[PDB]
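As structure tokens, one chain now follows by itself in the form deposited in one PDB entry.
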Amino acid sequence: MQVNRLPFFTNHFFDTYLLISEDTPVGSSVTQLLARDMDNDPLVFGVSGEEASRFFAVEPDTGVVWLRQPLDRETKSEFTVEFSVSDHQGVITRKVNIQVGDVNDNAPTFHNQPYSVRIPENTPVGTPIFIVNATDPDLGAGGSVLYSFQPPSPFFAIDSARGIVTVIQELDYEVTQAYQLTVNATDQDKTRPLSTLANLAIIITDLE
């Protein structure tokens, strides 16, 4: 009599990796497991492991793997996951590295708030008076920050790359004692840029 032969997986992704974008909706199919059995046994598929199980479900009879809860690359950017296939006499398992793809889903967060600075009325044109900084944890253009004033100001400019704020026109206390500027920090994602606002208070101190 023929001893049972155990099934084996055929997917070529076990030899490299599987990519899933972090924007995959819950309930979507992310791949399909494939296996053969020399006895032509009907096969049941599954997933193994505590954490893998919380993110992936497998339709037992077809091997379609789907997404049980949202992925977030900033929170966990990869998994090692173990899939199983059984012919009812034995179970075999095999691991795959799953890489999580980025999308731009974060806006920048500013550092060292709140932002306020006292400068004297006689501070000359060209003088750097303040530095703003924000970071953004997305990859690529989605994580590179640009700074600006919204709207721009006739008395101050901010360097778009470095966040350095300078005086660009002589000040005058009697006309304006204090300026409330809105600073915008945006990422540079091509299709969905995201941005964030902070206030910058500039208080002018008297002289004559």
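Start at 1 with the first residue shown and count on from there. Throughout, rigid core stands for the largest set of C-alpha atoms superposing within 1.5 Å between the two forms.
The same protein has a further form, the form deposited in another entry, not shown here; the description that follows concerns it.
inquiry  = Relative to the superposed rigid core, does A107 relocate between this form and the one not shown - that is, does its Cα move 2 Å or more?
reply    = The answer is no, as the C-alpha of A107 shifts between this form and the one not shown by less than 2 Å after core alignment.
message = Once the core is superposed between this form and the one not shown, does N97 show a C-alpha displacement of at least 2 Å?
response = No, because once the rigid core is superposed, the C-alpha of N97 moves less than 2 Å between this form and the one not shown.
inquiry  = I want to check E82: does it shift between this form and the one not shown by 2 Å or more at the Cα, with the core superposed?
reply    = Comparing the forms between this form and the one not shown, which are aligned on their rigid core, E82 does not shift its C-alpha by 2 Å or more.
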